[PDB]
Amino acid sequence: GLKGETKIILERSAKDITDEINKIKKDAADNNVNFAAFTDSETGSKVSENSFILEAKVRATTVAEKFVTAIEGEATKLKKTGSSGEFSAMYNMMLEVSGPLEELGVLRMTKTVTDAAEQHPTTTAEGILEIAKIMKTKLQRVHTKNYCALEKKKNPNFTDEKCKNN
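Each residue of the sequence shown is one higher than the one before, counting from 224 in our numbering.
And the structure:
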């Protein structure tokens with residue numbers, strides 16, 4: 224239904240993120256750093272004391288943030304949301320992307336997004352704007368968590384109630 228790049232435009236953005244994971248893996252191996260350090264294991268505070276893991280995690284985040292913000296913008300009216308199914312199609316991928324990110328890191332919370340379908344529709348024209356409220360939560364929780372440790376290395380003066388020290 225969509226002509227020109229407007230069709231693959233969605234796939235193009237997803238392709239970058241998909242490949243982004245591979246870019247870090249090859250980079251991590253080059254520096255010979257424990258890749259599994261990203262998630263390591265579930266046990267309270269995560270180690271990954273190395274700035275590389277925390278810093279690299281942002282790279283996988285910032286790029287992902289574009290996808291979420293893009294959904295709200297791409298909403299347009301028809302250009303991206305061609306058919307009535309295209310509206311949810313955009314969010315459909317985000318649900319799947321929850322995997323790749325989980326591997327590189329990022330906090331899991333597909334339950335909140337999935338649960339949104341129960342109360343809220345799924346991702347209709349206005350539904351995206353409304354349900355988007357839940358998504359923004361992840362952007363702050365993921366960023367704030369990695370953000371603190373980010374400028375933390377720069378100076379010990381860094382402090383914030385949002386982020387806990389170890």
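Note that the Cβ used here is the ideal one computed from N, Cα and C, for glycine as well.
Residue i, buried or exposed, once every other Cβ within 10 Å from all chains shown has been counted against 16
i, result
"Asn369", "buried"
"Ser271", "buried"
"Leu301", "exposed"
"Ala252", "exposed"
"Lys356", "exposed"
CB contact flag (residue i, residue j, <9 Å)
i, j, result
"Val336", "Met313", "no"
"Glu278", "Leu373", "yes"
"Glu309", "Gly224", "yes"
"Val256", "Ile276", "yes"
"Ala283", "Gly328", "yes"
"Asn273", "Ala260", "yes"
"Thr367", "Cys386", "yes"
"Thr347", "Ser311", "yes"
Straight-line gap, residue i to residue j (C-alpha atoms, nearest Å)
i, j, result
"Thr345", "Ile354", "8 Å"
"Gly305", "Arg331", "30 Å"
"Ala287", "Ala339", "20 Å"
"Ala293", "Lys303", "11 Å"
"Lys249", "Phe258", "10 Å"
"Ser264", "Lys226", "46 Å"
"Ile231", "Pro379", "46 Å"
"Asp383", "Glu228", "43 Å"
"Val365", "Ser307", "31 Å"
"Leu352", "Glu295", "6 Å"
"residue 447", "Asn254", "Limits of the chain in this structure are 224 at one end and 389 at the other, which puts residue 447 out of reach."
*Secondary structure, beta strand (DSSP E): runs of 3+ residues fully inside the stretch 295 to 366*: none
*Between the stretch 231 to 243 and the stretch 315 to 333, do three or more beta carbon pairs fall short of 8 Å?*
yes
*Complete runs of the alpha helix (DSSP H) confined to the stretch 228 to 254 [at least 4 residues]*: 232 to 253
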